[PDB]
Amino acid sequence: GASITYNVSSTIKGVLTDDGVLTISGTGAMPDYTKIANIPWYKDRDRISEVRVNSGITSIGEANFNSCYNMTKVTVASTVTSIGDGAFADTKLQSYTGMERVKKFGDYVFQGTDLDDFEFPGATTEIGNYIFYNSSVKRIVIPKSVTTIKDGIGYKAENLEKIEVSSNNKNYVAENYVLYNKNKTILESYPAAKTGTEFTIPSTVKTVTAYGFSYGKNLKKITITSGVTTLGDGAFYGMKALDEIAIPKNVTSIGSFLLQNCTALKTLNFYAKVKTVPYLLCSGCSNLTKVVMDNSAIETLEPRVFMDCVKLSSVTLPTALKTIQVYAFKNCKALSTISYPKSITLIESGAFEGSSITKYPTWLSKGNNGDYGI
């Protein structure tokens, strides 16, 4: 019978037996791998169906079982206190036993996994970023021990229906399976497969975490209440059913690609007190027909804000706008006419490339470098 031995470190070894089990034995911290092709068992990924990390090992390193596509189970001993970035990224992970003393989880640890019901183990204190990216996870359970959950726990966890938090958790809470911080001032994550056509952000919320409502399957409408001041990067990214939204005046901080690829979005009312309309705002909003931007604070349209908005025909620019940057209205085929506010100072070369906008302001002149300025 073939039995393969892997040199992991001076105190750690790996043994892959004929039964498809990769057993990590020895003592200490497993190494961090910066390249997937550097993992010792890279050439034997087809043979690994289960991983066992035995007593003596104190941590699973970065990308250790990354791309072990046939791995459906991991057994983690009580001596392991941390699991590194993408440790099980793109495994067929379905369940685990152990992890009794794991305190820290890195980023993308369970990316592309085949999970259903997942409960974080009893000693978990820190959960890294985008931990379930493309995971099939349907339910996440947060124990009382968790003190830190980084941005995007549900980001591209497209089958996620529920997030449940222990009543005894001191930093987080779940209300109707929606994840919040304990005092509900931050809306952390809305499960993408959670049922419901309408949602009102609680009045107590000041911040919507980056990717909070990303890939949302069912919401047609979101009410951004008066308390919200911050909208994170892609907070409404690629929502399937969102048909309209109003960004109110109270919002003073907006991330990039906020409503990017919301293919059901028909209308945008943007009233946020911000100096710029952020990069990729409504890029790929293929059904967006009307946009109203109204705030005396808005000075700039960053690039690609309405790129490939092929149905966008009416655009109301903010009355004190000064700059339209490259590709802001790239391929806006339906945008035939626009009213320019007298405050415009610069239209960068290519702002209206692919659009049906032919004329530019009278007070602007084409620079010897393609830009329209003074």
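Note that residue numbering begins at 1 and tracks the sequence as displayed.
Going by the mean C-alpha B-factor recorded in the entry, which is higher: 233-241 or 199-207? The stretch with the larger mean CA B-factor is 199-207.
Can you tell me which stretch has the higher mean Cα B-factor, 83-91 or 134-142? Comparing 134-142 with 83-91, the higher mean C-alpha B-factor belongs to 134-142.
Quick one: which of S296, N261, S214, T72 shows the highest Cα temperature factor in the PDB entry? In this record, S296 carries the highest C-alpha B-factor of the candidates.
Out of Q111, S256, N183, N129, which one has a C-alpha B factor higher than all the others in the entry? Highest CA B-factor of the listed options: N183.
Considering every modelled residue of the chain and its Cα B-factor in the PDB entry, is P341 in the lowest, middle or highest third? For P341, the deposited C-alpha B-factor lands in the highest third.
Ranked by Cα temperature factor within the chain, is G14 in the lowest third, the middle third or the highest third? Bottom third by C-alpha B-factor.
B-factor third for the C-alpha atom of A192 within its chain: For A192, the deposited C-alpha B-factor lands in the middle third.
Hey, what third does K170 fall into on Cα B-factor, ranked over its chain? For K170, the deposited C-alpha B-factor lands in the highest third.
Lowest, middle or highest third of the chain for the C-alpha temperature factor of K275? Middle third of the chain for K275's C-alpha B-factor.
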